[PDB]
């Protein structure tokens, strides 16, 4: 329980601001003014907060939690910018891999389960047809994805191992995650219980804390892009829409169900759209369906900016209160986008049971560990029509991907 949040204060508060916030809060919950249930405990909690924050010795080591996060991120930025300025190129060759099964299809190409012929290790190969990517006008999107993936490092991101290109295709070889997409397990289970949803949500929250500190917007949160690893922890895949953005950006991209209002509207937007999408993800995960569905995307768009959300009656009230603050059409009022940023979400009642450090360390017991039947089993993935892999004799689109 954050003491600064208890006294309603800025981490930087003066000692007089602490002594005045303490008198202001204790009045509101003093039993002389408040017999209602829980005022006894909130009065006790306001007492503890003033006792810690006004002793400079207790305040210094309580402040170490935020100082630790600050240092971790400062170092994570230094390591990212190193790889950002010198990205890895041409770190393998197609003939080094045995092609096994298609793991999914797209307008760009496909994803193939493959095996390294020397180490026998298994990998997910994203194959991208150069001509298509030109045809789909997704050239920058494909250079971004490779560039960002090779530079990030965080427990809940997929890991890019090698990348390279031939005369016809782009290749991105990432570590294989056998549990498959969250989408599959969610459609089949129906919905997760709130503690089950909170488990995944907390991982997404920490991952966005990391990405936003690098100035990265993710822009494609949805259950399809969340892989489940053997210990039941999330791996975020698909960075085709991710962009390094210091200020505003303007593109209409992503999945209709998950789009913040200001992406749909012509005005510009910032990384707050990722927190709106987190709201949509928690909703879908706990309800079994998204908060905004309809058959035409413009109908989805109308419901999105409409400002109205219906919650299932099994939604706990803390959960609805978190959701009301994330699915907030007014971005000057949306959680994650305020003075205290991500800590407004981490300090929220719905997360009170969350051990953020244990989650990051992956020490929390997972509520679901997918059916492990071998280091190269594909049961947790759907079945797609195979197709053979063609490579021209003449190099296609040399200039447009010379960077890759």
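Numbering follows the first chain given and starts at 1. Take the two forms, superpose them, and find the largest set of C-alpha atoms that agree within 1.5 Å; that set is the rigid core.
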property: Comparing 258-266 and 147-155 where Cα RMS over structures and residues is taken in 9 other deposited structures of this protein (core fit), larger one; result: 258-266
property: Which of 164-172 and 316-324 lies farther from this form in 9 other deposited structures of this protein, as RMS of C-alpha positions after a rigid core fit; result: 164-172
property: 37-45 versus 64-72 - greater average Cα B-factor per the deposited record; result: 37-45
property: Higher-scoring stretch by recorded Cα B factor average, 374-382 or 355-363; result: 374-382
property: Top Cα B factor in the deposited entry, candidates 212, 99, 191, 243; result: 99
property: Highest-ranked of 159, 77, 132, 314 once sorted by CA temperature factor in the record; result: 132
property: Ranked C-alpha temperature factor of residue 178 among modelled chain residues, by third; result: highest
property: Entry-reported Cα temperature factor of residue 236, expressed as the chain third it lands in; result: lowest
property: Record-listed C-alpha B factor of residue 146: chain third; result: lowest
property: Third of the chain, ranked by Cα B-factor, where residue 28 sits; result: highest
property: Residue 247 - Cα temperature factor, lowest/middle/highest third of chain; result: middle
